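Below: the structure, in structure tokens.
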Amino acid sequence: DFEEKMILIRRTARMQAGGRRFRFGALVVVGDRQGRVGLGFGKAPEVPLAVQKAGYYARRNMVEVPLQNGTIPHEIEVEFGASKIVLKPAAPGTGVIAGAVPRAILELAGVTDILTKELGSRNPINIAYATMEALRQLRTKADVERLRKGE
Amino acid sequence: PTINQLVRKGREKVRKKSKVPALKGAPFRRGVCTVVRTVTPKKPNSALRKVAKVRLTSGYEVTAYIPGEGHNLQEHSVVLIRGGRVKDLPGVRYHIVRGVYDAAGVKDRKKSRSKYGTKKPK
Amino acid sequence: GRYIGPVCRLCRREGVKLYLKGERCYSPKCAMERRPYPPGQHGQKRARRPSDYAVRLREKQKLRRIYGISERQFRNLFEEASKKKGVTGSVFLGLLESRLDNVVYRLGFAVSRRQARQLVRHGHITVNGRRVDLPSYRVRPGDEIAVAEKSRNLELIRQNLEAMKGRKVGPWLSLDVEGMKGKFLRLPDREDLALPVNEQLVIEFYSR
Amino acid sequence: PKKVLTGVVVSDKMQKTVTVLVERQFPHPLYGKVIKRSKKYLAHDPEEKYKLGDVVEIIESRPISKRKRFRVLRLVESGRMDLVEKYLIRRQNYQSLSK
Amino acid sequence: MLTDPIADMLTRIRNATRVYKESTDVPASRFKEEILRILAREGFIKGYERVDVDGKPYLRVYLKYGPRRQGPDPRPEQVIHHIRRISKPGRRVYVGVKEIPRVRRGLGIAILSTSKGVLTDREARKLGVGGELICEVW
RNA sequence: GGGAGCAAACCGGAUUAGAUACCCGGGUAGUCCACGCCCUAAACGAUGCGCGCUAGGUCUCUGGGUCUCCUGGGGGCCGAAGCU
RNA sequence: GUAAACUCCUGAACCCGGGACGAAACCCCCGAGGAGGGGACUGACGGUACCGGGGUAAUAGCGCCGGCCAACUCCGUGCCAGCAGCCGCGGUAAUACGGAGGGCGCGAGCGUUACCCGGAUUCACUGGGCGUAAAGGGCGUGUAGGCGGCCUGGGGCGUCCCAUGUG
Ligand SMILES: [Mg+2]
Ligand SMILES: [Mg+2]
Ligand SMILES: [Mg+2]
Ligand SMILES: [Mg+2]
Ligand SMILES: [Mg+2]
Ligand SMILES: [Mg+2]
Ligand SMILES: [Mg+2]
Ligand SMILES: [Mg+2]
Ligand SMILES: [Mg+2]
Ligand SMILES: [Mg+2]
Ligand SMILES: [Mg+2]
Ligand SMILES: [Mg+2]
Ligand SMILES: [Mg+2]
Ligand SMILES: [Mg+2]
Ligand SMILES: [Mg+2]
Ligand SMILES: [Mg+2]
Ligand SMILES: [Mg+2]
Ligand SMILES: [Mg+2]
Ligand SMILES: [Mg+2]
Ligand SMILES: [Mg+2]
Ligand SMILES: [Mg+2]
Ligand SMILES: [Mg+2]
Ligand SMILES: [Mg+2]
Ligand SMILES: [Mg+2]
Ligand SMILES: [Mg+2]
Ligand SMILES: [Mg+2]
Ligand SMILES: [Mg+2]
Ligand SMILES: [Mg+2]
Ligand SMILES: [Mg+2]
Ligand SMILES: [Mg+2]
Ligand SMILES: [Mg+2]
Ligand SMILES: [Mg+2]
Ligand SMILES: [Mg+2]
Ligand SMILES: [Mg+2]
Ligand SMILES: [Mg+2]
Ligand SMILES: [Mg+2]
Ligand SMILES: [Mg+2]
Ligand SMILES: [Mg+2]
Ligand SMILES: [Mg+2]
Ligand SMILES: [Mg+2]
Ligand SMILES: [Mg+2]
Ligand SMILES: [Mg+2]
Ligand SMILES: [Mg+2]
Ligand SMILES: [Mg+2]
Ligand SMILES: [Mg+2]
Ligand SMILES: [Mg+2]
Ligand SMILES: [Mg+2]
Ligand SMILES: [Mg+2]
Ligand SMILES: [Mg+2]
Ligand SMILES: [Mg+2]
Ligand SMILES: [Mg+2]
Ligand SMILES: [Mg+2]
Ligand SMILES: [Mg+2]
Ligand SMILES: [Mg+2]
Ligand SMILES: [Mg+2]
Ligand SMILES: [Mg+2]
Ligand SMILES: [Mg+2]
Ligand SMILES: [Mg+2]
Ligand SMILES: [Mg+2]
Ligand SMILES: [Mg+2]
Ligand SMILES: [Mg+2]
Ligand SMILES: [Mg+2]
Ligand SMILES: [Mg+2]
Ligand SMILES: [Mg+2]
Ligand SMILES: [Mg+2]
Ligand SMILES: [Mg+2]
Ligand SMILES: [Mg+2]
Ligand SMILES: [Mg+2]
Ligand SMILES: [Mg+2]
Ligand SMILES: [Mg+2]
Ligand SMILES: [Mg+2]
Ligand SMILES: [Mg+2]
Ligand SMILES: [Mg+2]
Ligand SMILES: [Mg+2]
Ligand SMILES: [Mg+2]
Ligand SMILES: [Mg+2]
Ligand SMILES: [Mg+2]
Ligand SMILES: [Mg+2]
Ligand SMILES: [Mg+2]
Ligand SMILES: [Mg+2]
Ligand SMILES: [Mg+2]
Ligand SMILES: [Mg+2]
Ligand SMILES: [Mg+2]
Ligand SMILES: [Mg+2]
Ligand SMILES: [Mg+2]
Ligand SMILES: [Mg+2]
Ligand SMILES: [Mg+2]
Ligand SMILES: [Mg+2]
Ligand SMILES: [Mg+2]
Ligand SMILES: [Mg+2]
Ligand SMILES: [Mg+2]
Ligand SMILES: [Mg+2]
Ligand SMILES: [Mg+2]
Ligand SMILES: [Mg+2]
Ligand SMILES: [Mg+2]
Ligand SMILES: [Mg+2]
Ligand SMILES: [Mg+2]
Ligand SMILES: [Mg+2]
Ligand SMILES: [Mg+2]
Ligand SMILES: [Mg+2]
Ligand SMILES: [Mg+2]
Ligand SMILES: [Mg+2]
Ligand SMILES: [Mg+2]
Ligand SMILES: [Mg+2]
Ligand SMILES: [Mg+2]
Ligand SMILES: [Mg+2]
Ligand SMILES: [Mg+2]
Ligand SMILES: [Mg+2]
Ligand SMILES: [Mg+2]
Ligand SMILES: [Mg+2]
Ligand SMILES: [Mg+2]
Ligand SMILES: [Mg+2]
Ligand SMILES: [Mg+2]
Ligand SMILES: [Mg+2]
Ligand SMILES: [Mg+2]
Ligand SMILES: [Mg+2]
Ligand SMILES: [Mg+2]
Ligand SMILES: [Zn+2]
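Chains as they are written, first to last, in the UniProt record's numbering: chain A, 5 to 155; chain B, 2 to 123; chain C, 2 to 209; chain D, 2 to 100; chain E, 1 to 138.
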């Protein structure tokens, strides 16, 4: 249904008498390009099954994104423990200037104009989570004046 | 470090040092060969490589690599130094510029010939 | 000096149909439709996953190949398109279609964007009654892009213009098949143009 | 024009002259924090009416000597040795630095 | 000894809200009132009142909070997700009218102390003045 | 100045390929006191000082109060939120 | 690889004709030696720019193609020869060495070396830290300095607004 795309695949390992058995990792983003976006990470003894699992887990953890005409409502400096990322809105015709990771996410988010920067740890996995939790925290004048309403 | 600490002690300006004292901050440095030789490479690899000590117009005396297969440098050959480390040969910070001065370009070489001072054939 | 050389190989690389040539590109092949795959010994081998860079690159080169214009020029414009307020993406395209040699093609006087340049340099062209040979020329709005006095009677010009009548062209353009004149009504527009290229991709490419 | 500033007298030992200490404050160029800074001026006192611990106003004036280029304009408020002490103590500690 | 009472208050509001207190207190001050007034008058807190604690003047600040949420940890929304003192005693921060921050693209606020009184960021540009960037909230 | 015990160095015994050691039998400076130097350490919570604010459960040391408890000041453990 | 040949079309170069702007004032009469008017001289560049006519298909390189990083196969070579910015490649089956084919990237340029800022958020004001990763002083006392609670009033140095000068 949605646009499917993954950031990284990786083969981990685990020692064991006689040898080292492997698993594969898959960081996958899913998005409608209109607001819905989600991210999954799945592991499985083979690549394809791994991408599938990631695709599945991804379709679970979804999130809306308050796009104000291709852009974001307001900047945010969310730090995911070790990693830190900075989203910042921009005028149209700017395009999405970001690293491989937030690029993949923000794009499927249907975002098209936004400048960013990955301060702190550059770890893909954590940079990914950071971006998600980042978006999950965006707000519009609506939700805002809605809270300063308390009606 | 508190602002006041900063107001006083301040921040320490970095300053890096020249990876290559070819002196004069020059792009190149003429010099005369003095010990055309053949040294064994670093730990992981192995293949007697062509090097030569040079007395420079800058006063220093340094080793530099000879690029390409085979060469023509003797004890008194004049040559132009380029500079460019060699991860394989510890201590070599420079490179011979093939095809300039007594340095000859690679004979019968078709690809990347420019990096070796080799005219285009017929 | 411009491109010169096998152009249909470009048709094949970008994968998209590049309407550079005249008759052929509408025949049973812009080179395409017989060899839809890229040039070279491979091309028809299992295609490899493309990097973000591959994309931003090609989508950029695809636009450049289209206007068959130099890298130095193409770039000096993108930056000029940034200084100007207004969507840099669309604006850059704007400065492109305002390019004289291109006007000549969009006005139908030429079969190709390339034969358009030729006509221009050789001076077969005029703009407000003044010969011009620089394909670079930035055509302002409201300009009599007419055929040269001498040039009027000529196998090609006549032939191209003849074939041109009836065919309504360019929402921002005004063809006068009568005196072989034409006018740059106004700078084009976002949707007035149609091209196999997401301009945002080029913006992202030139961020590095 | 003809700059004028205020400061305490910290010396009167000279003939027809006094040393005035003037503070001045301003934000740090890079760190903002309003930082203090000061400077002694040799002022012309053609009667040594002004004395130690006096706060005064000295004005940019015609060169009187090698260092003297300000005449004392008027007494702001007499007696403030407390300030002089700070400056004298600031000095005292210098002894405890050499080797 | 307390170095800066203002940041303390902001911190008292911050630590209070993190646990979802109905309200907390803080020693009285003409200045502190103004900060609360603007803070409440902008919908960040319900209000306040000069309560008393053992003959000691305080200002009980009544906190505001969002509704309950769904899913794991129904931890409600915060009305003040972010409060932070800017111009510290360790380094005062003064600004010209032009400099004043846009704060979270208009969504946020930023109290300034000025020769016209205490007033939010937009207010300063409104009546065209500048002053000590006290802090900001959103 | 003092010197019982212990004990670097030292001597002998044993072990070992060797044993300039671990074990054993001896043993000096020292360890003790006065006055004076030395100023180092895993001088370690490997966590600078002061202040304010943010659940509780239990254990203990020490003060005050009619006291299955209340209220200060310390010493441990378990743990909210939160941090890492 | 439409690439070539071939067909047709245009016409850089070259040939011929014409050929500047830049130059109006000094000066000379009218007026008065003023204001005004009028009259004349001077071009190195240069027979150059440019205009008009005739008119020939008319140089292409250099870097790269293991990952960063766009671009793959064949042969030679066998830790040799050599590559290399970092990671690393070569020890019979190398897309990393060398040549070729093809490909990618720029183009009268392409690469190389040097230097500066960037990336470097790695001297961190913006915008970093110090239990175990580099980093709390062995502990106190205290000097200068830095910083400091609630209320009322004076001053207006910092701070702020305006005008003006300068920039
Ligand atoms: Mg994994
Ligand atoms: Mg499944
Ligand atoms: Mg599941
Ligand atoms: Mg965090
Ligand atoms: Mg975490
Ligand atoms: Mg952190
Ligand atoms: Mg980014
Ligand atoms: Mg970064
Ligand atoms: Mg220094
Ligand atoms: Mg190097
Ligand atoms: Mg030479
Ligand atoms: Mg060459
Ligand atoms: Mg250039
Ligand atoms: Mg003509
Ligand atoms: Mg940029
Ligand atoms: Mg950049
Ligand atoms: Mg000032
Ligand atoms: Mg001084
Ligand atoms: Mg003198
Ligand atoms: Mg004198
Ligand atoms: Mg001393
Ligand atoms: Mg000293
Ligand atoms: Mg000494
Ligand atoms: Mg000395
Ligand atoms: Mg009060
Ligand atoms: Mg700050
Ligand atoms: Mg005794
Ligand atoms: Mg004795
Ligand atoms: Mg004894
Ligand atoms: Mg004994
Ligand atoms: Mg003995
Ligand atoms: Mg014996
Ligand atoms: Mg022994
Ligand atoms: Mg043994
Ligand atoms: Mg022995
Ligand atoms: Mg011994
Ligand atoms: Mg003894
Ligand atoms: Mg001794
Ligand atoms: Mg004792
Ligand atoms: Mg005794
Ligand atoms: Mg005694
Ligand atoms: Mg002594
Ligand atoms: Mg001691
Ligand atoms: Mg020490
Ligand atoms: Mg310990
Ligand atoms: Mg501590
Ligand atoms: Mg402490
Ligand atoms: Mg309790
Ligand atoms: Mg118990
Ligand atoms: Mg008790
Ligand atoms: Mg009682
Ligand atoms: Mg204790
Ligand atoms: Mg104890
Ligand atoms: Mg306890
Ligand atoms: Mg927890
Ligand atoms: Mg032929
Ligand atoms: Mg024809
Ligand atoms: Mg013909
Ligand atoms: Mg002609
Ligand atoms: Mg000519
Ligand atoms: Mg002529
Ligand atoms: Mg003439
Ligand atoms: Mg003149
Ligand atoms: Mg005249
Ligand atoms: Mg003259
Ligand atoms: Mg006369
Ligand atoms: Mg006359
Ligand atoms: Mg006259
Ligand atoms: Mg002439
Ligand atoms: Mg002439
Ligand atoms: Mg002539
Ligand atoms: Mg012809
Ligand atoms: Mg040709
Ligand atoms: Mg031809
Ligand atoms: Mg090449
Ligand atoms: Mg290259
Ligand atoms: Mg490759
Ligand atoms: Mg490579
Ligand atoms: Mg590559
Ligand atoms: Mg490279
Ligand atoms: Mg060989
Ligand atoms: Mg072989
Ligand atoms: Mg082979
Ligand atoms: Mg091999
Ligand atoms: Mg190869
Ligand atoms: Mg080739
Ligand atoms: Mg270039
Ligand atoms: Mg270059
Ligand atoms: Mg330099
Ligand atoms: Mg640098
Ligand atoms: Mg970096
Ligand atoms: Mg770095
Ligand atoms: Mg560093
Ligand atoms: Mg870094
Ligand atoms: Mg700094
Ligand atoms: Mg750091
Ligand atoms: Mg350590
Ligand atoms: Mg300590
Ligand atoms: Mg230490
Ligand atoms: Mg120590
Ligand atoms: Mg010490
Ligand atoms: Mg003392
Ligand atoms: Mg002292
Ligand atoms: Mg003090
Ligand atoms: Mg104060
Ligand atoms: Mg003070
Ligand atoms: Mg009162
Ligand atoms: Mg007050
Ligand atoms: Mg009063
Ligand atoms: Mg006051
Ligand atoms: Mg003032
Ligand atoms: Mg005013
Ligand atoms: Mg102003
Ligand atoms: Mg001004
Ligand atoms: Mg002015
Ligand atoms: Mg002005
Ligand atoms: Mg100006
Ligand atoms: Zn075609």
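Cβ atoms here follow ideal geometry from the backbone N, Cα and C, with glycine treated the same way.
DSSP state of residue i mapped onto helix, strand, coil
i, result
"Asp-4 (chain E)", "coil"
"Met-165 (chain C)", "helix"
"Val-61 (chain E)", "strand"
"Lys-57 (chain A)", "helix"
"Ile-111 (chain E)", "coil"
"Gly-32 (chain B)", "strand"
"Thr-18 (chain D)", "strand"
"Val-148 (chain A)", "helix"
"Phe-45 (chain A)", "strand"
"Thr-11 (chain E)", "helix"
"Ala-21 (chain A)", "coil"
"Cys-9 (chain C)", "helix"
"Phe-110 (chain C)", "coil"
"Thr-116 (chain A)", "coil"
"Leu-57 (chain B)", "strand"
"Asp-83 (chain D)", "helix"
Rounded distance between the beta-carbons of residue j and residue i, thought under 8 Å
i, j, result
"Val-129 (chain E)", "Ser-115 (chain E)", "7 Å"
"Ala-58 (chain A)", "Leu-31 (chain A)", "7 Å"
"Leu-174 (chain C)", "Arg-107 (chain C)", "6 Å"
Any non-hydrogen atom of ligand 5 closer than 6 Å to residue i Cβ
i, result
"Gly-85 (chain A)", "yes"
Proximity test, residue i beta-carbon vs ligand 57 heavy atom, cut-off 6 Å
i, result
"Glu-24 (chain C)", "no"
"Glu-163 (chain C)", "no"
beta-carbon residue i near ligand 1 non-hydrogen atom, thresh 6 Å
i, result
"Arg-59 (chain C)", "no"
Contact test: residue i Cβ vs ligand 19 heavy atom, cutoff 6 Å
i, result
"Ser-12 (chain D)", "no"
Closer than 6 Å: residue i CB and nearest ligand 8 heavy atom
i, result
"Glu-122 (chain A)", "yes"
Answer yes if the region 62-73 of chain C comes into contact with the region 43-52 of chain C, meaning at least three C-beta pairs across the two stretches below 8 Å, and no otherwise. A contact is defined here as three or more CB-CB pairs under 8 Å, and the region 43-52 of chain C fails this definition with respect to the region 62-73 of chain C.
Quick check: the region 22-29 of chain A against the region 89-105 of chain A, are at least 3 beta-carbon pairs closer than 8 Å? no
Meets three-Cβ-pair contact criterion under 8 Å: the region 82-93 of chain D and the region 40-58 of chain D: yes
Decide if the region 136-152 of chain C is in contact with the region 89-105 of chain C; the criterion is three or more beta carbon pairs, one per stretch, under 8 Å apart. Verdict: yes, contact present.
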